[PDB]
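A.B. asks: Generate coordinates for the sequence data below:
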Amino acid sequence: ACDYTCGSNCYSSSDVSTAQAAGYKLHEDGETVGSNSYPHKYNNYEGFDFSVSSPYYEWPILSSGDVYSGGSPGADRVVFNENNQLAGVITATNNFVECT
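C.D. replies: Numbers count the residues shown, from 1 in each chain. Okay, here it is:
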């Protein structure tokens, strides 16, 4: 169902756990993909109230259901921490708002 609503895009908790696992795996290998080299630290300058502690890492979640593997990241991102805990799902307005 829509556990997370990012504008036009509805994501289930299952869609989120698949994206997060691909981002965490790369984070553990010290590997990055794309121009902007994701996953990368997310500093939470928006001051969102996450349930888990930082440091935070951001990885793109794609509306198509594909796994991010380069090119355009789109507007949505999964935020997770160093302990592979999900902090939240955000969407762009560089500047973001939380998904509902």
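A.B. asks: which residue ranges form the helices in this protein?
C.D. replies: In the chain, the segments counted as helices under DSSP state H are 13-29.
A.B. asks: list the contacts for the most centrally placed residue in it?
C.D. replies: In the chain, the residue lying closest to the centroid (Cα atoms, centre = their mean) is residue 78, at 1.6 Å. Residues near residue 78 by Cβ atoms under 8 Å, 6 or more residues apart in numbering: 16, 19-20, 23, 58-61, 86, 89. Every residue, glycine included, has its C-beta placed from N, CA and C.
A.B. asks: which of these has the most neighbours?
C.D. replies: Comparing the contacts of residue 78 on neighbour count, residue 61 comes out first with 30 neighbours (neighbours: other Cβ atoms under 10 Å).
A.B. asks: distance of that residue from residue 89?
C.D. replies: 6 Å (Cβ to Cβ, to the nearest Å).
A.B. asks: Could you list the buried residues of stretch 56-70?
C.D. replies: By neighbour count on 16 or more other Cβ atoms under 10 Å, the buried set for stretch 56-70 is 56-62, 68.
A.B. asks: ok, so of these, who is nearest residue 95?
C.D. replies: residue 58 (12.9 Å; Cβ to Cβ).
A.B. asks: The closest one bridge partners, please.
C.D. replies: residue 40, residue 79 (DSSP bridges).
A.B. asks: Wait, it touches residue 34, no?
C.D. replies: No: Residue 58 lies out of contact with residue 34 (Cβ atoms under 8 Å); the separation is 11.5 Å.
A.B. asks: Run through the strands of this protein in chain order.
C.D. replies: Chain-ordered strands for the chain, with DSSP state E as the definition, fall at 4-6, 9-11, 40-42, 56-60, 76-81, 86-92, 96-98.
A.B. asks: So which of those has the densest surroundings on average?
C.D. replies: Greatest average neighbour count among these goes to strand 76-81 (a mean of 25), per mean count of other Cβ atoms under 10 Å.
A.B. asks: Can I get that strand in PDB? Just the C-alpha atoms.
C.D. replies: Taking Å, rounded to 0.1, in the frame of the first residue of the first chain, the C-alpha atoms of strand 76-81 are listed here in PDB:
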ATOM      1  CA  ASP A  76      13.200  10.600  -4.100                       C
ATOM      2  CA  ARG A  77      15.700   9.300  -1.600                       C
ATOM      3  CA  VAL A  78      15.800   6.600   1.100                       C
ATOM      4  CA  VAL A  79      17.700   7.900   4.200                       C
ATOM      5  CA  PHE A  80      19.400   5.200   6.400                       C
ATOM      6  CA  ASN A  81      22.100   5.200   9.000                       C
END
